[PDB]
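Shown next: final.cif, given as mmCIF, C-alpha atoms and all ligand atoms.
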```cif
data_run
#
loop_
_atom_site.label_atom_id
_atom_site.label_comp_id
_atom_site.auth_asym_id
_atom_site.auth_seq_id
_atom_site.Cartn_x
_atom_site.Cartn_y
_atom_site.Cartn_z
CA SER O 309 82.13 -45.49 50.30
CA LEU O 310 80.04 -47.61 52.79
CA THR O 311 76.53 -46.61 53.93
CA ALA O 312 75.99 -45.71 57.67
CA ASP O 313 74.29 -49.13 58.14
CA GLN O 314 77.02 -50.87 56.03
CA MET O 315 79.69 -49.14 58.27
CA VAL O 316 78.07 -50.07 61.65
CA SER O 317 77.75 -53.73 60.44
CA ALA O 318 81.45 -53.84 59.35
CA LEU O 319 82.46 -52.48 62.83
CA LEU O 320 80.14 -55.01 64.57
CA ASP O 321 81.76 -57.90 62.49
CA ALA O 322 85.29 -56.49 63.31
CA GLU O 323 84.53 -57.02 67.08
CA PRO O 324 87.19 -58.89 69.06
CA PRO O 325 86.32 -61.81 71.38
CA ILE O 326 86.00 -61.60 75.18
CA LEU O 327 89.11 -63.23 76.68
CA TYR O 328 89.69 -65.19 79.95
CA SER O 329 92.81 -65.51 82.20
CA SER O 338 98.38 -60.82 95.52
CA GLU O 339 99.79 -57.68 93.78
CA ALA O 340 102.17 -59.69 91.49
CA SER O 341 99.59 -62.39 90.72
CA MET O 342 96.85 -59.85 89.71
CA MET O 343 99.44 -57.84 87.65
CA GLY O 344 100.78 -61.02 85.94
CA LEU O 345 97.16 -61.69 85.00
CA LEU O 346 96.40 -58.12 83.75
CA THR O 347 99.77 -58.01 81.79
CA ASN O 348 99.06 -61.46 80.19
CA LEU O 349 95.32 -60.65 79.46
CA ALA O 350 96.20 -57.35 77.71
CA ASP O 351 99.09 -59.10 75.77
CA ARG O 352 96.73 -61.69 74.23
CA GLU O 353 94.07 -58.86 73.81
CA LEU O 354 96.66 -56.84 71.77
CA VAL O 355 96.85 -59.58 69.10
CA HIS O 356 93.02 -59.56 68.72
CA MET O 357 93.15 -55.69 68.61
CA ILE O 358 95.63 -55.72 65.64
CA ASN O 359 93.15 -58.07 63.69
CA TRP O 360 90.26 -55.70 64.69
CA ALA O 361 92.09 -52.49 63.61
CA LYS O 362 92.62 -53.97 60.09
CA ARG O 363 88.84 -54.83 59.93
CA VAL O 364 88.09 -51.06 60.65
CA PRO O 365 87.31 -49.39 57.25
CA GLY O 366 90.15 -47.15 56.04
CA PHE O 367 92.92 -48.39 58.44
CA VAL O 368 94.30 -51.03 55.99
CA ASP O 369 94.57 -48.37 53.12
CA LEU O 370 97.14 -46.65 55.48
CA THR O 371 100.87 -47.36 55.24
CA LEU O 372 102.25 -49.85 57.87
CA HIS O 373 104.15 -46.87 59.47
CA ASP O 374 100.82 -45.01 60.03
CA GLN O 375 99.08 -48.21 61.26
CA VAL O 376 101.86 -48.73 63.84
CA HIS O 377 101.75 -45.05 65.05
CA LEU O 378 97.94 -45.09 65.58
CA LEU O 379 97.97 -48.40 67.44
CA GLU O 380 101.02 -47.46 69.65
CA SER O 381 99.21 -44.19 70.58
CA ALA O 382 95.86 -45.95 71.25
CA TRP O 383 96.35 -49.55 72.53
CA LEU O 384 95.59 -48.56 76.19
CA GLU O 385 92.52 -46.27 75.47
CA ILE O 386 91.13 -49.10 73.21
CA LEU O 387 91.68 -51.63 76.05
CA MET O 388 90.07 -49.26 78.61
CA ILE O 389 86.97 -48.32 76.39
CA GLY O 390 86.48 -52.07 75.79
CA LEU O 391 86.83 -52.70 79.56
CA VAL O 392 84.51 -49.83 80.62
CA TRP O 393 81.91 -51.25 78.08
CA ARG O 394 82.06 -54.91 79.47
CA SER O 395 82.02 -53.74 83.17
CA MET O 396 79.02 -51.47 82.49
CA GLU O 397 76.26 -53.77 83.83
CA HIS O 398 78.42 -54.60 86.96
CA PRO O 399 78.39 -51.41 89.17
CA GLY O 400 81.27 -51.05 91.65
CA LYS O 401 83.30 -53.71 89.76
CA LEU O 402 85.56 -53.88 86.62
CA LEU O 403 85.13 -56.93 84.35
CA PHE O 404 88.65 -57.29 82.88
CA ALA O 405 87.56 -60.86 81.87
CA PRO O 406 84.46 -63.08 82.69
CA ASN O 407 86.71 -65.00 85.18
CA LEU O 408 88.46 -61.64 86.18
CA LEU O 409 85.91 -59.24 87.82
CA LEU O 410 87.79 -56.96 90.32
CA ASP O 411 87.01 -54.08 92.85
CA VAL O 418 98.30 -52.73 94.22
CA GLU O 419 99.91 -49.30 95.10
CA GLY O 420 99.07 -46.31 92.84
CA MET O 421 96.60 -48.28 90.69
CA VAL O 422 93.65 -47.17 92.97
CA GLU O 423 93.09 -43.68 91.38
CA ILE O 424 93.09 -45.25 87.83
CA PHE O 425 90.68 -48.10 88.83
CA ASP O 426 88.29 -45.47 90.33
CA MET O 427 88.36 -43.45 87.06
CA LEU O 428 87.60 -46.62 85.02
CA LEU O 429 84.71 -47.31 87.46
CA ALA O 430 83.36 -43.71 87.02
CA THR O 431 83.66 -43.95 83.17
CA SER O 432 81.76 -47.31 83.16
CA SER O 433 79.11 -45.72 85.45
CA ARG O 434 78.83 -42.75 83.01
CA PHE O 435 78.25 -44.99 79.93
CA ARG O 436 75.44 -46.93 81.72
CA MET O 437 73.62 -43.79 83.06
CA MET O 438 73.98 -42.34 79.51
CA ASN O 439 72.57 -45.74 78.28
CA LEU O 440 75.42 -46.43 75.88
CA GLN O 441 74.49 -48.73 72.95
CA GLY O 442 76.79 -51.33 71.28
CA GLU O 443 76.50 -49.68 67.87
CA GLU O 444 77.65 -46.28 69.31
CA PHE O 445 80.44 -48.10 71.25
CA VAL O 446 82.00 -49.70 68.08
CA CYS O 447 81.87 -46.22 66.50
CA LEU O 448 83.72 -44.59 69.54
CA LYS O 449 86.42 -47.29 69.78
CA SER O 450 86.99 -46.76 65.97
CA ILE O 451 87.18 -42.98 66.64
CA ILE O 452 89.97 -43.53 69.30
CA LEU O 453 92.06 -45.71 66.88
CA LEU O 454 91.87 -43.12 64.08
CA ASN O 455 92.09 -40.07 66.46
CA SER O 456 95.20 -41.12 68.49
CA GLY O 457 97.42 -39.54 65.75
CA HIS O 474 91.81 -39.48 54.35
CA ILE O 475 91.98 -39.97 58.20
CA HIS O 476 89.64 -36.93 58.68
CA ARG O 477 87.40 -38.14 55.75
CA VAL O 478 86.88 -41.48 57.64
CA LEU O 479 86.51 -39.67 61.03
CA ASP O 480 83.67 -37.61 59.38
CA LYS O 481 82.03 -40.88 58.10
CA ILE O 482 81.96 -42.33 61.70
CA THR O 483 80.29 -39.07 62.90
CA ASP O 484 77.64 -39.45 60.11
CA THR O 485 77.17 -43.09 61.29
CA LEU O 486 76.79 -42.06 65.01
CA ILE O 487 74.30 -39.28 64.07
CA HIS O 488 72.43 -41.78 61.72
CA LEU O 489 72.13 -44.18 64.69
CA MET O 490 70.89 -41.31 66.87
CA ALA O 491 68.20 -40.35 64.27
CA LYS O 492 67.21 -44.03 63.68
CA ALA O 493 66.66 -44.29 67.57
CA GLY O 494 64.28 -41.29 67.49
CA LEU O 495 66.38 -38.57 69.21
CA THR O 496 65.59 -34.99 67.98
CA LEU O 497 68.24 -32.90 66.07
CA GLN O 498 69.15 -31.14 69.36
CA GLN O 499 69.28 -34.45 71.32
CA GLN O 500 71.53 -35.78 68.47
CA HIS O 501 74.23 -33.09 68.52
CA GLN O 502 74.06 -32.93 72.41
CA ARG O 503 74.59 -36.77 72.76
CA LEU O 504 77.36 -36.73 70.10
CA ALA O 505 79.25 -34.07 72.13
CA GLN O 506 78.84 -35.94 75.48
CA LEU O 507 80.13 -39.09 73.64
CA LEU O 508 83.12 -37.21 72.17
CA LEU O 509 84.03 -35.56 75.53
CA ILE O 510 84.10 -38.89 77.51
CA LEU O 511 86.99 -39.62 75.12
CA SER O 512 89.09 -36.78 76.69
CA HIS O 513 88.73 -38.68 79.98
CA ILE O 514 89.77 -41.97 78.25
CA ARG O 515 92.88 -40.20 76.83
CA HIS O 516 93.60 -38.99 80.43
CA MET O 517 92.98 -42.47 82.00
CA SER O 518 95.50 -43.80 79.39
CA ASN O 519 98.22 -41.17 80.17
CA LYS O 520 98.02 -41.83 83.92
CA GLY O 521 98.03 -45.60 83.25
CA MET O 522 101.15 -45.27 80.98
CA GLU O 523 102.85 -43.21 83.77
CA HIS O 524 101.92 -45.85 86.46
CA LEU O 525 102.91 -49.09 84.59
CA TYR O 526 106.18 -47.44 83.36
CA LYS O 529 109.50 -49.35 85.16
CA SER O 530 109.85 -51.73 82.09
CA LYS O 531 107.31 -53.21 79.60
CA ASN O 532 106.33 -56.93 79.52
CA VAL O 533 103.57 -56.55 76.86
CA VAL O 534 105.24 -56.81 73.38
CA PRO O 535 105.67 -53.44 71.50
CA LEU O 536 102.85 -53.36 68.90
CA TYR O 537 105.26 -52.86 65.95
CA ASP O 538 106.91 -56.25 66.67
CA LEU O 539 103.34 -57.70 66.84
CA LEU O 540 101.75 -55.92 63.79
CA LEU O 541 104.88 -56.77 61.66
CA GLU O 542 104.88 -60.36 63.12
CA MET O 543 101.23 -60.86 62.08
CA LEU O 544 101.62 -59.82 58.36
CA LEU D 308 70.56 -22.33 81.32
CA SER D 309 67.84 -19.75 80.44
CA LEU D 310 70.45 -18.03 78.09
CA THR D 311 70.21 -18.14 74.27
CA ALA D 312 73.07 -19.05 71.83
CA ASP D 313 73.84 -15.37 70.97
CA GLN D 314 73.49 -14.47 74.69
CA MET D 315 75.95 -17.33 75.52
CA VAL D 316 78.55 -16.42 72.83
CA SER D 317 78.47 -12.68 73.73
CA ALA D 318 78.56 -13.42 77.52
CA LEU D 319 81.76 -15.44 77.01
CA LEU D 320 83.27 -12.98 74.48
CA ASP D 321 82.83 -10.31 77.26
CA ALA D 322 84.57 -12.64 79.82
CA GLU D 323 87.65 -13.00 77.51
CA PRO D 324 90.82 -12.27 79.50
CA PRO D 325 93.36 -9.71 78.20
CA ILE D 326 96.52 -10.70 76.25
CA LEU D 327 99.50 -10.35 78.68
CA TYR D 328 103.26 -9.66 78.16
CA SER D 329 106.76 -10.64 79.45
CA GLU D 339 117.00 -21.63 79.78
CA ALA D 340 116.46 -20.44 83.42
CA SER D 341 115.64 -17.08 81.75
CA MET D 342 113.03 -18.73 79.41
CA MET D 343 111.37 -20.88 82.12
CA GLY D 344 111.28 -18.00 84.66
CA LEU D 345 109.70 -15.69 82.04
CA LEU D 346 107.11 -18.44 81.32
CA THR D 347 106.44 -19.19 85.08
CA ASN D 348 105.90 -15.44 85.72
CA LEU D 349 103.60 -15.03 82.59
CA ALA D 350 101.44 -18.11 83.48
CA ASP D 351 101.24 -16.94 87.19
CA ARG D 352 99.72 -13.60 85.96
CA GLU D 353 97.46 -15.53 83.51
CA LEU D 354 95.92 -17.68 86.29
CA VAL D 355 94.45 -14.58 88.05
CA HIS D 356 92.62 -13.54 84.79
CA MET D 357 91.53 -17.15 84.17
CA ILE D 358 90.20 -17.54 87.75
CA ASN D 359 88.17 -14.36 87.15
CA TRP D 360 87.06 -15.41 83.51
CA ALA D 361 85.78 -18.72 84.90
CA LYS D 362 83.36 -16.88 87.30
CA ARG D 363 81.76 -15.34 84.11
CA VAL D 364 81.07 -18.79 82.47
CA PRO D 365 77.23 -19.16 82.55
CA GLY D 366 76.75 -21.85 85.24
CA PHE D 367 80.23 -22.05 86.91
CA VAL D 368 79.76 -19.44 89.72
CA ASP D 369 76.74 -21.58 91.03
CA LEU D 370 79.03 -24.26 92.69
CA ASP D 374 84.01 -27.80 93.29
CA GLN D 375 85.05 -24.68 91.29
CA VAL D 376 88.60 -25.03 92.79
CA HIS D 377 89.04 -28.62 91.45
CA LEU D 378 87.74 -27.68 87.92
CA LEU D 379 90.51 -25.02 87.65
CA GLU D 380 92.92 -27.59 89.17
CA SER D 381 92.17 -29.95 86.21
CA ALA D 382 91.76 -27.41 83.37
CA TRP D 383 94.32 -24.65 84.23
CA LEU D 384 97.02 -26.00 81.85
CA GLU D 385 94.40 -27.07 79.12
CA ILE D 386 93.02 -23.42 79.19
CA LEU D 387 96.62 -21.98 79.09
CA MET D 388 97.36 -24.29 76.12
CA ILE D 389 94.21 -23.60 74.12
CA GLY D 390 94.81 -19.83 74.65
CA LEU D 391 98.48 -20.18 73.51
CA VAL D 392 97.48 -22.40 70.53
CA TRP D 393 94.74 -19.80 69.60
CA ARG D 394 97.21 -16.78 69.75
CA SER D 395 100.06 -18.46 67.87
CA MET D 396 97.63 -19.47 64.96
CA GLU D 397 98.93 -17.04 62.30
CA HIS D 398 102.53 -17.79 63.49
CA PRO D 399 103.45 -21.18 61.95
CA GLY D 400 106.72 -22.52 63.35
CA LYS D 401 106.60 -20.10 66.30
CA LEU D 402 104.64 -20.07 69.62
CA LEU D 403 103.29 -16.64 70.73
CA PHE D 404 103.39 -16.82 74.56
CA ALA D 405 103.19 -13.02 74.71
CA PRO D 406 103.48 -10.39 71.89
CA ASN D 407 107.03 -9.73 73.26
CA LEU D 408 107.67 -13.50 73.82
CA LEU D 409 107.67 -15.38 70.51
CA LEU D 410 109.59 -18.71 70.66
CA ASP D 411 110.29 -21.17 67.81
CA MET D 421 110.25 -30.44 76.12
CA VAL D 422 110.52 -30.08 72.26
CA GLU D 423 107.79 -32.84 72.11
CA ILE D 424 105.28 -30.56 73.98
CA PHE D 425 106.37 -27.60 71.82
CA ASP D 426 105.73 -29.70 68.62
CA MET D 427 102.39 -31.00 69.99
CA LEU D 428 101.45 -27.33 70.58
CA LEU D 429 102.47 -26.32 66.98
CA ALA D 430 100.43 -29.23 65.45
CA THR D 431 97.27 -28.18 67.40
CA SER D 432 97.73 -24.56 66.25
CA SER D 433 98.25 -25.85 62.67
CA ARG D 434 94.98 -27.81 62.97
CA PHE D 435 93.24 -24.70 64.39
CA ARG D 436 94.50 -22.75 61.32
CA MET D 437 93.55 -25.61 58.90
CA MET D 438 89.99 -25.59 60.33
CA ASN D 439 89.62 -21.73 60.14
CA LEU D 440 88.49 -21.91 63.84
CA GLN D 441 86.54 -18.77 64.69
CA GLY D 442 87.05 -16.87 67.95
CA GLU D 443 83.35 -17.26 68.81
CA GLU D 444 83.94 -21.11 68.61
CA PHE D 445 87.29 -20.77 70.55
CA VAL D 446 85.54 -19.32 73.66
CA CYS D 447 83.11 -22.31 73.56
CA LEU D 448 85.97 -24.85 73.50
CA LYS D 449 87.63 -23.11 76.53
CA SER D 450 84.30 -23.21 78.51
CA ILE D 451 83.81 -26.88 77.54
CA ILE D 452 87.46 -27.66 78.60
CA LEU D 453 86.84 -25.98 82.06
CA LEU D 454 83.49 -27.79 82.69
CA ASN D 455 84.49 -31.26 81.29
CA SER D 456 87.92 -31.28 83.14
CA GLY D 457 86.51 -33.24 86.14
CA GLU D 470 71.64 -32.91 91.29
CA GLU D 471 74.89 -30.76 91.38
CA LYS D 472 76.45 -33.13 88.75
CA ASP D 473 73.59 -32.69 86.18
CA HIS D 474 74.13 -28.89 86.38
CA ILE D 475 77.50 -29.37 84.55
CA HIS D 476 75.81 -31.77 82.01
CA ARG D 477 72.94 -29.36 81.07
CA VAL D 478 75.42 -26.40 80.70
CA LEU D 479 77.72 -28.45 78.34
CA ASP D 480 74.61 -29.47 76.32
CA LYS D 481 73.95 -25.66 76.06
CA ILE D 482 77.54 -24.78 74.84
CA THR D 483 76.96 -27.54 72.17
CA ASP D 484 73.70 -25.86 71.01
CA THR D 485 75.79 -22.56 70.90
CA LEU D 486 78.56 -24.20 68.75
CA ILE D 487 75.93 -25.70 66.35
CA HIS D 488 74.09 -22.31 66.16
CA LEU D 489 77.42 -20.45 65.46
CA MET D 490 77.89 -22.99 62.61
CA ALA D 491 74.25 -22.59 61.42
CA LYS D 492 74.90 -18.78 61.17
CA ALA D 493 78.21 -19.41 59.27
CA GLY D 494 76.22 -21.17 56.52
CA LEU D 495 77.23 -24.81 57.12
CA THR D 496 74.79 -27.70 56.44
CA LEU D 497 73.50 -30.03 59.23
CA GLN D 498 76.03 -32.70 58.09
CA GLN D 499 78.82 -30.02 57.82
CA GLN D 500 77.79 -29.02 61.41
CA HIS D 501 77.99 -32.42 63.13
CA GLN D 502 81.35 -33.25 61.42
CA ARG D 503 82.80 -29.86 62.56
CA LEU D 504 81.43 -30.32 66.10
CA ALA D 505 83.08 -33.81 66.12
CA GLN D 506 86.31 -32.34 64.66
CA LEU D 507 86.70 -29.67 67.38
CA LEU D 508 85.72 -32.07 70.26
CA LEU D 509 88.30 -34.68 69.19
CA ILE D 510 90.95 -31.87 69.53
CA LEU D 511 90.11 -31.66 73.27
CA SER D 512 91.42 -35.28 73.65
CA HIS D 513 94.65 -33.88 72.14
CA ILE D 514 94.85 -30.88 74.50
CA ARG D 515 94.02 -33.21 77.47
CA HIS D 516 96.96 -35.33 76.33
CA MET D 517 99.15 -32.17 75.85
CA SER D 518 98.38 -30.99 79.45
CA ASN D 519 99.06 -34.45 80.93
CA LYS D 520 102.47 -34.74 79.29
CA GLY D 521 103.03 -31.08 80.16
CA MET D 522 102.46 -31.90 83.86
CA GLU D 523 105.03 -34.71 83.92
CA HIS D 524 107.63 -32.31 82.37
CA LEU D 525 106.93 -29.72 85.12
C1 LIG O 601 93.10 -50.28 87.12
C2 LIG O 601 93.50 -51.00 85.80
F1 LIG O 601 93.74 -52.29 86.15
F2 LIG O 601 92.37 -50.96 85.03
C3 LIG O 601 94.74 -50.46 85.00
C4 LIG O 601 95.63 -49.58 85.66
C5 LIG O 601 96.77 -49.04 85.05
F3 LIG O 601 97.55 -48.21 85.74
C6 LIG O 601 97.09 -49.38 83.74
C7 LIG O 601 96.22 -50.25 83.06
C8 LIG O 601 95.05 -50.80 83.65
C9 LIG O 601 94.31 -51.79 82.74
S1 LIG O 601 92.93 -51.41 81.73
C10 LIG O 601 92.96 -53.03 81.09
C11 LIG O 601 92.00 -53.50 80.17
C12 LIG O 601 92.11 -54.83 79.71
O1 LIG O 601 91.18 -55.30 78.78
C13 LIG O 601 93.16 -55.65 80.18
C14 LIG O 601 94.11 -55.17 81.11
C15 LIG O 601 93.99 -53.84 81.56
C16 LIG O 601 94.80 -53.03 82.55
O2 LIG O 601 95.86 -53.46 83.26
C17 LIG O 601 97.11 -53.62 82.66
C18 LIG O 601 97.34 -53.21 81.33
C19 LIG O 601 98.60 -53.39 80.74
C20 LIG O 601 99.65 -53.95 81.49
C21 LIG O 601 101.01 -54.15 80.86
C22 LIG O 601 102.19 -54.11 81.49
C23 LIG O 601 103.48 -54.31 80.81
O3 LIG O 601 103.68 -53.85 79.56
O4 LIG O 601 104.37 -54.88 81.43
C24 LIG O 601 99.42 -54.36 82.83
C25 LIG O 601 98.16 -54.17 83.42
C1 LIG O 602 106.93 -25.48 76.20
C2 LIG O 602 105.83 -24.85 77.10
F1 LIG O 602 106.39 -23.68 77.52
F2 LIG O 602 104.80 -24.60 76.25
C3 LIG O 602 105.27 -25.70 78.27
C4 LIG O 602 105.80 -26.98 78.51
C5 LIG O 602 105.32 -27.80 79.52
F3 LIG O 602 105.86 -29.00 79.67
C6 LIG O 602 104.28 -27.38 80.36
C7 LIG O 602 103.70 -26.12 80.15
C8 LIG O 602 104.18 -25.28 79.12
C9 LIG O 602 103.47 -23.94 79.03
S1 LIG O 602 102.02 -23.75 78.04
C10 LIG O 602 101.95 -22.07 78.59
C11 LIG O 602 100.95 -21.18 78.17
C12 LIG O 602 100.97 -19.86 78.66
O1 LIG O 602 99.99 -18.98 78.21
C13 LIG O 602 101.96 -19.45 79.59
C14 LIG O 602 102.96 -20.35 80.01
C15 LIG O 602 102.94 -21.67 79.50
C16 LIG O 602 103.83 -22.86 79.75
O2 LIG O 602 104.92 -22.89 80.54
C17 LIG O 602 104.82 -23.01 81.92
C18 LIG O 602 103.60 -23.20 82.61
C19 LIG O 602 103.60 -23.30 84.01
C20 LIG O 602 104.82 -23.23 84.72
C21 LIG O 602 104.91 -23.31 86.24
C22 LIG O 602 106.05 -23.59 86.90
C23 LIG O 602 106.19 -23.67 88.36
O3 LIG O 602 105.08 -23.81 89.11
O4 LIG O 602 107.31 -23.59 88.85
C24 LIG O 602 106.02 -23.07 84.02
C25 LIG O 602 106.02 -22.95 82.62
#
```
Conversion result in structure tokens:
Amino acid sequence: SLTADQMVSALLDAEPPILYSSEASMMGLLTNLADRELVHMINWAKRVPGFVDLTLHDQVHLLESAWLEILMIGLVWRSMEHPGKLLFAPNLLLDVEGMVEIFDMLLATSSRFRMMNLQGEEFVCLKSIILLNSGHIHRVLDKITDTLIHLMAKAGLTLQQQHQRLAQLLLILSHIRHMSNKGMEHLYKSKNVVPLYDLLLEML
Amino acid sequence: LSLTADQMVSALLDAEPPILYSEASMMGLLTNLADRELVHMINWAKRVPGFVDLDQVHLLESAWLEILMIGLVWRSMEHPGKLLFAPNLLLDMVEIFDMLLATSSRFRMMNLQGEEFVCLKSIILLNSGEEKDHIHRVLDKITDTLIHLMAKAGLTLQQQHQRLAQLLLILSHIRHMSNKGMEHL
């Protein structure tokens, strides 16, 4: 029911904080950083319009299917004004076997956003898209498109420039889904970061 | 890049490969089918306005299973519960099979037109990966094509953007389907 300006302001208020923090040392840091970031992500997801109307079962499913893409799109957004480096935290700016191909993708994605001049208002829309897309849900997904296109028209882009930019923005998401799949394959061995159902249920 | 929307949709519709035919028996039949489908794909790709002007090898290395999946998902559309691999090969790993039925159900639920299906395939192929901007400008042209095809259909500007968004968010699903399809292979 929210207006496109009311929506973008709710997403901007929903925004999580920026957190702080050898192969095993670096991994112990990344594992711990994401763990604490997961708790702030569950609070954020409930601040996203429409997600809290959903049954706990649906909320779980979406988060389990999107917790790494959400972490990565947040990462790629922070790291953006730091070319050649990945700002996992303000005290954790980096540049481990197998992890090299994934790091290089996350660098390329960050480099794409910057060249494309990604804005914070479009970013909060995209991260909200990923949460709701991972799995009424299509009614909300339509509302975030209307918000993105409203922000493109408010910025002065022509109707052509609007649908062209929307598409480029929605295709970089195929890459984020890919970066997530390869990451899930790499990390898993066992899991040290608490399954999100235990967390979501623990928080209510 | 000089090409119009109707010139782009018809150029791709012309490039459309033919429909082909057919446990160890099922996988062997599928390996053989796919192996014959890659030769038609490799040739279709050369007919994608922009693609032959390249790097082409890696784009088919990334999109070969996404293209095989979108094709399968497009064929099997009026066959709910079953997957139409070939007219003589209709089957009804289970995870990948279910993920493929859901996509086809979404394709049915959206009334996805063939003219829009060719555009998705060409976007899949190009977005799978001065020479780098060539891919960008072509994708921005397939998007004008998709929006024009919608304009013709009678949809409003708001009903156009939503539908563009709807179809594009399905490519994240087919990227995911391919990735988990690769692990299984
Ligand atoms: C290259 C790389 F580091 F980005 C990268 C490469 C991969 F293969 C996979 C993930 C990544 C990322 S993106 C990211 C964003 C952030 O805000 C914070 C942490 C991380 C993180 O690292 C992680 C993420 C999760 C875990 C969990 C382990 C467990 O359950 O035991 C460990 C390390
Ligand atoms: C369930 C399933 F069959 F869909 C499926 C599950 C997966 F995990 C991965 C892919 C699939 C698909 S999608 C498809 C579409 C088509 O038009 C035709 C064949 C196939 C095919 O099967 C394949 C694809 C490639 C190979 C290669 C083997 C080799 O190099 O030895 C074997 C079987």
How close does chain D get to ligand LIG 602 (chain O)? List, as CSV, each residue of chain D within 9 Å, its nearest atom pair and the distance in Å to one decimal, counting only C-alpha atoms and all ligand atoms.
```
residue,atom,partner,partner_atom,distance
D:327,CA,O:LIG602,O1,8.7
D:342,CA,O:LIG602,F1,8.5
D:343,CA,O:LIG602,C25,5.8
D:344,CA,O:LIG602,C24,7.3
D:345,CA,O:LIG602,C25,8.2
D:346,CA,O:LIG602,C14,4.8
D:347,CA,O:LIG602,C24,4.0
D:348,CA,O:LIG602,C24,7.8
D:349,CA,O:LIG602,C13,5.6
D:350,CA,O:LIG602,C13,4.1
D:351,CA,O:LIG602,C21,7.4
D:352,CA,O:LIG602,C13,8.9
D:353,CA,O:LIG602,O1,6.8
D:384,CA,O:LIG602,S1,6.7
D:385,CA,O:LIG602,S1,8.4
D:386,CA,O:LIG602,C11,8.3
D:387,CA,O:LIG602,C11,4.5
D:388,CA,O:LIG602,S1,5.1
D:389,CA,O:LIG602,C11,8.2
D:390,CA,O:LIG602,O1,6.3
D:391,CA,O:LIG602,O1,5.1
D:392,CA,O:LIG602,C11,8.5
D:402,CA,O:LIG602,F2,8.0
D:403,CA,O:LIG602,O1,8.5
D:404,CA,O:LIG602,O1,5.4
D:405,CA,O:LIG602,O1,7.6
D:421,CA,O:LIG602,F3,5.8
D:422,CA,O:LIG602,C1,7.0
D:423,CA,O:LIG602,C1,8.5
D:424,CA,O:LIG602,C1,5.8
D:425,CA,O:LIG602,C1,4.9
D:426,CA,O:LIG602,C1,8.8
D:428,CA,O:LIG602,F2,7.1
D:517,CA,O:LIG602,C6,8.3
D:518,CA,O:LIG602,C6,7.0
D:519,CA,O:LIG602,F3,8.8
D:520,CA,O:LIG602,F3,6.7
D:521,CA,O:LIG602,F3,3.5
D:522,CA,O:LIG602,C6,6.0
D:523,CA,O:LIG602,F3,7.2
D:524,CA,O:LIG602,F3,4.6
D:525,CA,O:LIG602,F3,5.6
```
Exercise. For chain D, list the residues within 9 Å of chain O, counting all atoms listed in the file, and write the list as a ChimeraX atom specification.
Key: /D:451,455-457,476,479-481,483-484,487,498,500-506,508-516,519-520,523
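Separating CA of residue 310 in chain D from CA of residue 497 in chain D is a distance of 22.6 Å.
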I'd like to know which of O:316, O:361, O:429, O:368 is closest to residue 391 in chain O, using only C-alpha atoms.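 Closest candidate: O:429.
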Test item: residues lying within 8 Å of ligand LIG 601 (chain O) with all atoms listed in the file, as an MDAnalysis selection string
chainID O and resid 343:351 353 384 387:388 390:391 402 404:405 420:426 428 518 520:526 530:534
(request) Work out how far apart CA of residue 358 in chain D and CA of residue 427 in chain O are and give it in Å to one decimal. (result)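 Taking CA of residue 358 in chain D and CA of residue 427 in chain O, their separation equals 26.0 Å.
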Test item: write range 352-374 of chain D with C-alpha atoms as a compact mmCIF listing (two decimals), in the first residue's frame:
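The resulting file, result_19.txt, is shown below:
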```txt
# COMPACT_ATOMS: atom_id res chain seq x y z
CA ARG D 352 23.28 -33.30 -30.77
CA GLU D 353 21.65 -30.13 -29.30
CA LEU D 354 25.03 -28.41 -28.71
CA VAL D 355 25.85 -28.45 -32.48
CA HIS D 356 22.53 -26.59 -33.25
CA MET D 357 23.09 -24.21 -30.31
CA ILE D 358 26.68 -23.44 -31.41
CA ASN D 359 25.25 -22.59 -34.86
CA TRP D 360 22.17 -20.60 -33.41
CA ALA D 361 24.57 -18.48 -31.33
CA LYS D 362 26.42 -17.29 -34.51
CA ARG D 363 23.00 -15.83 -35.66
CA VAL D 364 22.53 -13.71 -32.45
CA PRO D 365 22.93 -10.06 -33.62
CA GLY D 366 26.33 -9.11 -32.13
CA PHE D 367 27.79 -12.52 -31.04
CA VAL D 368 29.69 -13.48 -34.27
CA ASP D 369 31.75 -10.15 -33.88
CA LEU D 370 34.03 -11.59 -31.06
CA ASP D 374 35.41 -15.03 -26.17
```
